[PDB]
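**Student:** show me how the following folds:
(chains A and B)
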Amino acid sequence: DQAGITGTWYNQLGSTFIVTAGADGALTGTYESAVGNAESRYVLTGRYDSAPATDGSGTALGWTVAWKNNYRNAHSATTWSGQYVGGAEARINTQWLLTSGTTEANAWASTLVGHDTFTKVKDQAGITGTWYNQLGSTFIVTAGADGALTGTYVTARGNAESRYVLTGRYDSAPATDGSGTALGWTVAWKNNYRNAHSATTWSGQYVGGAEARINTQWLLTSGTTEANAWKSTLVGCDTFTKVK
Amino acid sequence: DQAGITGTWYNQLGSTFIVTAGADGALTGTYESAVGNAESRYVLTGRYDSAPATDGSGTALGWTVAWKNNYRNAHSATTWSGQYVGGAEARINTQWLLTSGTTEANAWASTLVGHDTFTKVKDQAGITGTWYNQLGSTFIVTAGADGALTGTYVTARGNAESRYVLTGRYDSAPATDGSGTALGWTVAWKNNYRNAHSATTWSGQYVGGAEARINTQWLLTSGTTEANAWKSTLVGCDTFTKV
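**Tutor:** Residues are numbered from 1 along each chain as shown, chains lettered A, B, ... in the order given. Next up is the structure itself:
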């Protein structure tokens, strides 16, 4: 829960994840990566299921880091999708997508995938607006000047109805060689009407111009028992356009 | 290397992988899963980089299991994409995609993703033919009556030229409810002309009819040093059509 997630987490690479869980399902914090084109802290935002099922399954959650701070710009964003498991050896088991901004020629090679285990020991104008994917889903987002993404997601498919809060990050200083703009965001599939004990992260890049698009891959993690943890995470791809 | 890979491997779930690596980059064997809708042995086929680099990096490889045998049909296929790392604690580090045959309505929810670590210590007619993806790549495949897939792959993109061998598996007895047919295959990016020290696995489903498709997700693993292992694997999606 909130008390369970809030705190400092360490992964198998030596990265440090500092997070506060809000009563409302918010995740806010800083990420410090021991590997890659990274240095010092980066802002992270995400969501978690603030009312997980009480059958001993984990708590679905997700979060995004855009790899830009005052010192470094790696023209990339990672999203982690996973579940928090509580108790004496508390864990956040995740899968992650790392998208780099690329030319359209290199887009097929844009996205790394991996797994991280966390333990408690050891432009703006372009993106802001309404987007529509091939499923009929609607993504309403405001890009902040500081790399924030905030808005609501409405899915035409799955155990979803009405709007869900979304938070994420984008590279607010993309390279100006015609590369896309790396970004990601999370929805926890809980609102006032439904709780699907799950969270999706989208990792992708915004491409501008006459046919602007946001090309993404996503991870959907469900809260599971440890028995079913191997079958907790769906993967897919969504293409968003500004026209339905 | 061939000698390093050949043998019995065990993962964190208690599954057993028995494999023979051929001198030609072939992987053949049986998989026994400790979890899921699986019992007894299932055929596996795949490929590996038979000429990895000698800078200490792992050896790219992948393989497929279609979850059909004489006792069980789970209308699914898993592809593992990873690298073999040799020495005293030999490992195969993988990511996997498990695609289930679904209706078009449920296709968005068809594919699971995970990671497995292995240690040495504990529609035949529809599919057969030429397929083209959105990148301009060409996939030529023969589906065997037994769930085999064999053929060649020619990629319009990446560190690739001419044909590469492909092997894989499909559900040779999907359900009679309009679901797609689960399948997967592997290409190791080595031929007589090029070695890209990498292997791709496609996991997906064949949908038949007037606009037949193979909808896939893929994992591309490069051989890396242990320091670069975190950045070894690309993920994407390819749609293949007959046109």
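
**Student:** so chain A: which segments form each domain?
**Tutor:** A:1-122, A:126-244 (curated CATH domains).

**Student:** columns mean neighbour count on top of these, output as CSV?
**Tutor:** In this view, the C-beta of every residue, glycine as well, is placed from N, C-alpha and C. Output for the domains of chain A, formatted as CSV (neighbours: other C-beta atoms under 10 Å in any protein chain shown):
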stretch, mean neighbour count
domain A:1-122, 19
domain A:126-244, 20
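
**Student:** closest one to residue B:48 among those domains?
**Tutor:** Within the domains of chain A, the stretch nearest residue B:48 is domain A:1-122; the backing value is 20.0 Å (C-beta to C-beta).

**Student:** what about the closest one, start to end distance?
**Tutor:** 22 Å (C-alpha to C-alpha, to the nearest Å).

**Student:** next: stretch A:23-35.
**Tutor:** Span of stretch A:23-35 from end to end, C-alpha to C-alpha: 32 Å.

**Student:** need the residues that contact it.
**Tutor:** A:2, A:5, A:13-22, A:38, A:40-50, A:61-63, A:65, A:165, A:167, A:186, A:188, A:190, B:227, B:230 (C-beta atoms under 8 Å, 6 or more residues apart in numbering or on different chains).

**Student:** let's go with 6 Å and repeat that
**Tutor:** A:13-21, A:41-42, A:44-48, A:50, A:63, A:65, A:188, B:230 (C-beta atoms under 6 Å, 6 or more residues apart in numbering or on different chains).

**Student:** now stretch A:64-84
**Tutor:** A:4-5, A:31, A:37, A:39-40, A:42, A:44, A:58-63, A:92-101, A:147, A:168-171, A:173, A:175, A:182-184, A:201, A:203, A:219, A:221, A:223.

**Student:** check the offset of that stretch from the chain's centre.
**Tutor:** With C-alpha atoms, centre = their mean, to the nearest Å as the basis, stretch A:64-84 stands 9 Å off its chain's centre.

**Student:** what residues does chain A have near chain B?
**Tutor:** For chain A, the residues in contact with chain B (C-beta under 6 Å from any C-beta of the partner chain) are A:35, A:95, A:108-109, A:111-115, A:157, A:230-231, A:233-237.

**Student:** among the residues you listed, name the ones in strands.
**Tutor:** A:95, A:111-115, A:233-237 (DSSP state E).

**Student:** quick one, helices of chain A?
**Tutor:** A:2-5, A:124-127 (DSSP state H).

**Student:** got the phi/psi numbers for the nearest residue to residue A:137 once chain neighbours are set aside?
**Tutor:** Nearest non-adjacent residue to residue A:137, counting by C-beta to C-beta, 6 or more residues apart in numbering or on different chains: residue A:155, 4.6 Å away. Note on residue A:155: backbone dihedrals following degrees, to the nearest 10 are phi -100, psi 130.

**Student:** cheers, nothing more for now.
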